[PDB]
Structure formats: C-alpha cells, structure tokens
Amino acid sequence: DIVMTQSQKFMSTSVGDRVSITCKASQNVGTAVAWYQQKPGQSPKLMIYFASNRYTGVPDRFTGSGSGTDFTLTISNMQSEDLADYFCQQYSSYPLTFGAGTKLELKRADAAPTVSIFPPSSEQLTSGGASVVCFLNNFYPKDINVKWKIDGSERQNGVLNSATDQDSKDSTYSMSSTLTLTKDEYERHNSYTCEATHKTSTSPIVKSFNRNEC
Amino acid sequence: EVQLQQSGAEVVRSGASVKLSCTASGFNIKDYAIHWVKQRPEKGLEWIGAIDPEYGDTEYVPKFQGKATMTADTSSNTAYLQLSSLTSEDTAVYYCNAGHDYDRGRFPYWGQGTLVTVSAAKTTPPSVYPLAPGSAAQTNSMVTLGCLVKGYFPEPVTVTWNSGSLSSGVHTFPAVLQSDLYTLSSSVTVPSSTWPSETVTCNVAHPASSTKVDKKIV
Amino acid sequence: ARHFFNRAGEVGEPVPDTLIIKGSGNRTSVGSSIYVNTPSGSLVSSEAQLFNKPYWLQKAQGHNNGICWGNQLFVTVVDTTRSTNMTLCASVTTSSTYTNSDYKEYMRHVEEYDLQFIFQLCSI
Amino acid sequence: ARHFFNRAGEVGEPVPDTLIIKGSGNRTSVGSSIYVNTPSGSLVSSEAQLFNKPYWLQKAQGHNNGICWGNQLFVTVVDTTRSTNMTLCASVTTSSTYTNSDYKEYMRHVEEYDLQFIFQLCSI
C-alpha cells in the first residue's frame, strides 16, 4: 500500500500569485502520478496525468513536475475559478491510493460583513416553534464572532451556526446563525439582537428588532 | 457528449444490500477500464476496483473484497456496483469513472456521483420557512431574503430561487446536523426596486422526499 | 524450425520410468515434456511465385479433361507470399508531449486477385 | 546485413521537425540517427570460384580484341575467398602456470598466385 502524503491540508495565496502543492510517495512510482481538481458539490476533474502531461481541457496555467517519490503541482498566476480541492493519485501498483485533501484559499482584501436579521415567520409561529436567523454575508477574513441577545441578555443555548467556504467568485465568506426557541419562550421576550464583531471595525455591527413593534 | 449517469441517491437501513449502476461506459469492441471511487467525508477518496468491459476482468482492493461486488453487462450498459452488509462506514458518495479507452491513473470522465446513506430512521421531508424583513426599518438599498430548511433527512436538498433565474447574490450555507436531523439555510440579495415589486419564490427539492415552493411576502 | 519451447500445465502422459534416471536432491519434478516448435516461412521471392503466369491444361490427371460440368468452375488458391499485415494508427488526441494514450493501433490485411480464364466450346 | 548500430557523436543533420513527435518528459533528446550496418560475406564455396579454370578471349567487348599494345598486359585480380588471417603466437617466457604476459600474438596473411598466359603472334 503506497501512501500518498500531501504537505498541508489548507493553503493560502492571493490572486495572481504562484502556488505549489507537494505530494510525497512512500515508494518509487516513477512518473505514474495523476492530479485532480474537485470543486464543492461537483465530481473531480482530471488535470494532470503521467506526472507532467496536461489533459485535453486544462490550461497551460497548470504545470506538473516530479518523479520517483516527490511530485509537485504548480499554478503560475491564479484565477478565482481555481479555488477547489487538489488530489494526487498513484497508479504504479495496486491498490490505487490518493492523497489527503488540499484546500486552496485566496488572500484577497478584507471586506466588512453585511448583517441581516429575520424574525420567525408567521407560518413557523403557527407550528409552536420560533427560529431567528442572522445572515453574515461577504466578509473577510474568516475570524468572526456572533452574539445573540434576548432583552439585552446573552443567549448561549439554542444557537446553530453554519459557516460557508470561500466563495469561488469574490473570495468572501458567509455565515448563518439560527436561534431556535419554542413559541412560548419567544413570546415571553421583546428585544432580539444579533451582533457581529469583526476585525474590519472596532465596534460590533448590531441588527435588532422588537417583537411588539414587529 | 461523454458523461456518465448513475443510479441515484438511496437511503438504506443497516444490514441490507444496495446496487449502483453506471451508463455509457462499457460497449462491445470498446474497451474501457471502468473504476469505482468511494468518497467518505473523513477519508477522502478511496479506490474500489477496476473492471474491463469486453472482458469482464475484475480487480479489487483487499479492504473491499467481500464488501463490494462488481458486474458488467456487455450489451448497453455497465457498470453495476453492489455492496452487501451495509454499515455506518459505507455512508459515502460513489463515483463511476472511466479513463478514455484503458488504463488506471486516468479518470477524465467521472460519473455524476451517488450518495448512499446507511442508517436507521426514515426519510423525513423538509420544513421550509420564509425569512422576510421586519416592518419598515430597512428600505433602500438592496434587500436580503432567505428560506430556512429545517428538520429533514437525508442530505442533500436543492434550493433554487426564481426558477433557476438570478444566480448572483445567492448564498447556500452548509447543513448542520442536530437531533439526527439536518438544517439548511439559503439567502439571496436583490435590489429594493425588485422586491416586493416582483415576486420572489424559493424552491426546495428533496430527492428522497418532496419538492416545495414558497413565495416571500411582506 | 525457428524456436523451441515447452507447454505449461500438467503432462497428461508422463515420461516412462525406463527412459529417465530420477533425480536430484532438487529438481525431482520432471520438467514439461510437451515440445512444440515455432515455424517460419523463410524467404519469399519472385522466382518462387506460382501466379501471374498462365497455365494451359494440356492433359488432366483424372478422366475429366477440364470439362466444366454444370457450367461452373471451382478455383482454389492459397498464397502466403503476400500476407503482410498493415498497421494503422489513429490519433484520439494530440497532447503537448508524446503519450501512448493518444493513439489507437489497428490491424488490416488486403488481398487483390484477377482471375482470367479461356474456355473451349464442346458438343456431346 | 549482419548487425545494425548507430554512430556516437553529434548529428550533423537532424531529423526534420515534421517527421518526429517530440517527447517525452524524459528522453527529449533525439537519439543518434546515423545508422550503418556491418557487412558479411556469407558462404564461400568452390562452386562460386572464378579462378583455377582457363578463360579464352573469343570476342572482346571493346574494339581492342586482345592486342597487347606496348608488349605489356595489365591483369587485375580481387579474391576475398582466401582471406583467412593466420594467428601466430610466440613465447617470450614459460612460467610455471599459464600467464598471458608470456606470449605475443601476431597477424599474418598470405597470397599465392600462378599467372598462366597463352599469346598469339600477329603482324601489322
């Protein structure tokens, strides 16, 4: 069993720069190494095969190299469409093995998030449940903290967070935070507040609503 | 014009067999070397085996021998992959790949992917909830709208808005598993002159259960 | 006889004991005694050609002295002196470098004939 | 043609760009394309001998019908059928054991001829 060991699981870079991904073999495999690209929610696409041969399709931007046990994929000048996972594969002997995932992220400049709070819909409040959502869209970097306030008091239980990966088009990130309460508990308080603190501002972005006024 | 269509996602209880199919790879006189790849959210990609139509040769991995059985129908067709005693470690997306004409390394032609979920309970349809702004404290410019998908099983669900139209300014958030049920969120940003001027509707398609359509109103 | 080799598998009829002195510390298992030789047609030349030259049926070996009963004639021909198999190579793609996966190899053979006859009318 | 091989050194005239698809990751350098083959005289036999038998100049190809102008005659002969090279070995010393340093090896070749003529007297 030939083990494919890729250096880093994640990789940082910026638009236009040059990136090199390394793949180390546990045995000599000559040039029987292939590289693949996989975007989220899609099937992998072949990029390089036979160490340094581009497949029909793949731009000269991508170049493979290496032999024996050290192999490298190089991306000379980048585009937003290159944000995906990159795998190396060995086919010198059975069984065929792949390397660990490698995520390529962009270092593009840092935007402040856009925060929108939404009270529970009238339809969901008829089911006995109440979900308050708070969308944080198009921010960079990834580090961000969301704080839920119910009548000014911080609420810890009942929060569900879902962070999006880096957007393939503008290199931004998104996050959804959902506070799910029972209708009885939702109707016992008035003020609901979603506060987002991010390094792009020294004061948190506050979005709030009142149950009585809305 | 070289794409591979598979069987489709399936929810199976533990201890039952499932059979996956492929298409347009495996013809008479041609020749292909069909491979199958398993994708576990933790182990990455794992090669299953290599089958050759026009010969029916078979090669497997010692890990999957006795777990995966491979068959090939020379007419049409090809390539059937079936798994026997299904456990929790078999919940993965399986791909049918064919390097052009022959060989191992090359997978330039991948299947669409088939998500197999081996677990108990049963397929629960999603609950779609609109996410509209609050009163009149927003106005111009541009408005964010959302649809909340809660309490469904299994992954995935397909969330679209204006019937495929308008693909910019949308955000699909990854699902979160809580109480053995999934929860998805989706947001879209449109100019204030668009909503509520013209209707905005979100469509949630769940292949193992039911499609839903919900329009957003003030 | 070009080359000699033996067949793999069990010998259905083993060598008689009277014909071999058993060994050998090692060995002990009698090797495969099923021998076959590869043939070879050797040189082909124009001087050895039987065709492209006329033949006149002056006298027949049998009693039928060239009478085509039923108004039909069977002419059998075997010619291995023109057995060259042409190799065709078609490109599926053209990679930047040379890659065997870009080409398909095919086998093709051709045969060209021209049958010429001269008959004599006969009455019975 | 006995054997085939290529020459070492730089190719003065390279293969045209149109005639070779360049590779190959490795390779990349076109091998030496200067081929030359070793000859071989094949079998020598007594039936193939031209000599040791008389030849009578019945008719000449040219206008000079065997007239030896200047009272001289040029006879050219090439005979490779008796080209055996004898190997001579002379001992410099005789050690207790066999040692190559004790012997010198020499190459020697010999040629034996016997020219026989019969002339006819002529007046002008």
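Residues numbered from 1 in each chain as written, not as in the entry; some residues may be left out. Chains lettered and ligands numbered in written order. Part of a larger assembly, values for the part shown. Heavy atoms only, no water.

Section: the overall build of chain B
Here is step 1: Assigned secondary structure in chain B consists of zero helices and 16 strands.
Here is step 2: The C-alpha atoms of chain B give 22 Å as radius of gyration, which overshoots the globular expectation for 218 residues (17 Å, by more than 25%).
Here is step 3: Dimensions of chain B, computed from the C-alpha atoms along their principal axes, are close to 70 × 40 × 25 Å.
Here is step 4: Out of the 218 residues belonging to chain B, those deemed buried represent 44%.
Here is step 5: On chain B, roughly 10,400 Å² of surface is accessible, and the fraction owed to carbon and sulfur atoms is 49%.
Here is step 6: Looking at charge distribution, chain B has the averaged site of its 15 positive side-chain charges lying 10 Å from that of its 18 negative ones. (Helix = DSSP H or I, 4+ residues; strand = E, 2+ residues; numbered from the N terminus. Rg over C-alpha atoms; globule rule 2.2 N^0.38 Å. Buried < 20%, exposed > 50% of the residue type's maximum accessible area, 1.4 Å probe, protein only. Areas by Shrake-Rupley, 256 points an atom, 1.4 Å probe, with all protein chains shown as cover. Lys, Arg positive; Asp, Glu negative; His and termini not counted. Charge placed at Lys NZ, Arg CZ, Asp CG, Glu CD.)

Focus on the sheet that holds strand β15 (residues 201–205) of chain B
Residues and elements named next belong to chain B.
Here is step 1: Across the sheet, three strands lie side by side as β12-β15-β16; this open sheet has antiparallel pairing. Pairing within the sheet leaves two strands with one partner each, and these edge strands are β12 (158–160) and β16 (212–215). Going from strand to strand, the sheet's axes swing by 15 degrees on average, the running direction of each strand aside. (Pairing = 2+ DSSP bridges. Axes fitted to C-alpha atoms, helices over the stretch in contact; angles between N-to-C directions.)

Brief notes about the packing of aromatic side chains
Here is step 1: Per the stated rule, a full pass over the model turns up 23 aromatic pairs over all chains.
Here is step 2: Between the aromatic rings of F50 of chain A and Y91 of chain A, the centroid separation amounts to 5.9 Å while the plane-to-plane angle is 55 degrees, which identifies the pairing as tilted. Of the two residues, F50 of chain A sits in the loop between β5 (45–49) and β6 (53–54) while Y91 of chain A sits in the loop between β9 (85–90) and β10 (97–98), which places them 41 residues apart along the sequence.
Here is step 3: Look at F50 of chain A and you get partly exposed, because its relative accessible area is 34%.
Here is step 4: Ring plane angle 10 degrees and centroid distance 5.8 Å describe the contact between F117 of chain C and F119 of chain C, whose orientation is recorded as stacked.
Here is step 5: Residue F119 of chain C is classed as exposed on the basis of its relative accessible area of 59%.
Here is step 6: Here the aromatic residues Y36 and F98 of chain A together with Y95, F107 and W110 of chain B are joined through ring pairs into a cluster of three or more.
Here is step 7: The positively charged end of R104 of chain B is found above the aromatic ring belonging to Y94 of chain A, 4.7 Å away from the centroid.
Here is step 8: A cation sits over an aromatic face here: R106 of chain B above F50 of chain A, 4.5 Å from the ring centre. (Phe/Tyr/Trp six-rings, centres within 6.5 Å; stacked < 30°, edge-to-face > 60°. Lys NZ or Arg CZ within 6 Å of the ring centre and 35° of its normal.)

Looking at the sheet that holds strand β8 (residues 92–99) of chain B
All names here are of chain B.
Here is step 1: Taken in spatial order, the six strands make up an open sheet running β1-β9-β8-β3-β4-β5, and their pairing is mixed. The open sheet has two edge strands, β1 (10–12) and β5 (57–60), and neither has a second partner. Sheet twist, expressed as the average angle between the axes of neighbouring strands with direction ignored, equals 25 degrees.
Here is step 2: Direction of pairing for β1 relative to strand β9 (residues 114–118): parallel, over a ladder of three bridges. Counterpart to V12 in the pairing with β9 is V118.

Digging into the environment of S14 of chain B
Residues and elements named next belong to chain B.
Here is step 1: By secondary structure assignment, the location of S14 is in the loop between β1 and β2 (18–20).
Here is step 2: Residue classification places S14 among the exposed residues on the basis of a relative accessible area of 57%.
Here is step 3: Distance in space between the C-alpha atoms of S14 and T87 is 5.6 Å, their sequence separation being 73 residues.
Here is step 4: When residues no more than four places from it in sequence are discounted, the contact partners of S14 are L86, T87, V118 and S119.
Here is step 5: Polar side-chain contacts of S14 include one of 3.1 Å to the backbone oxygen of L86. (Contact = heavy atoms within 4.5 Å. Polar contact = N/O pair within 3.5 Å; in protein donor to acceptor, adjacent residues only side chain to side chain.)

Digging into the arrangement of the chains
Here is step 1: The pair of protein chains exhibiting the most contacts, out of four pairs of chains in contact, is chains A and B.
Here is step 2: Taking C-alpha atoms only, the smallest gap left between chain A and chain D, which are not in contact, amounts to 7 Å.
Here is step 3: Looking at chain B next to chain D, you find no contact at all, with the nearest C-alpha pair sitting 17 Å apart.

Observations regarding the interface of chain C and chain B
Here is step 1: Listed by partner, the interface residues are four residues for chain C and five residues for chain B.
Here is step 2: With both chains or domains summed, chain C and chain B bury close to 340 Å², and 41% of this area falls on carbon and sulfur atoms.
Here is step 3: Together, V92, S101 and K104 of chain C form the three largest contributors to the area buried by chain C at its contact with chain B, with a combined 86%.
Here is step 4: The interface formed by chain C and chain B holds one salt bridge in total. (Buried area = accessible area lost by both parts, 1.4 Å probe. Salt bridge = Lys/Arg side-chain N within 4 Å of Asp/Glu carboxyl O.)

Concerning the state of the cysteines
Here is step 1: Under the counting rule described, the total for this entry stands at four disulfides over all chains.
Here is step 2: Linked covalently through their sulfurs, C23 of chain A and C88 of chain A form a disulfide whose S-S length is 2.0 Å. Looking down the S-S bond of the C23 of chain A and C88 of chain A bridge, the torsion is 80 degrees, so its handedness is right-handed. In this pair, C23 of chain A is assigned in strand β3 (residues 18–25) and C88 of chain A in strand β9, connecting sequence segments 65 residues apart. The same class applies to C23 of chain A and to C88 of chain A, which are both buried.
Here is step 3: The side chain of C22 of chain B participates in a disulfide bridge whose partner is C96 of chain B; the two sulfur atoms lie 2.0 Å from each other. Its S-S torsion of about -85 degrees marks the bond between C22 of chain B and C96 of chain B as left-handed, since a negative value means left-handed. With a gap of 74 residues between them, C22 of chain B in the loop between β2 and β3 (33–40) and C96 of chain B in strand β8 connect regions that are remote in the sequence. (Disulfide = S-S within 2.5 Å.)

Honestly, that's just the spatial picture; any functional story needs more than this.
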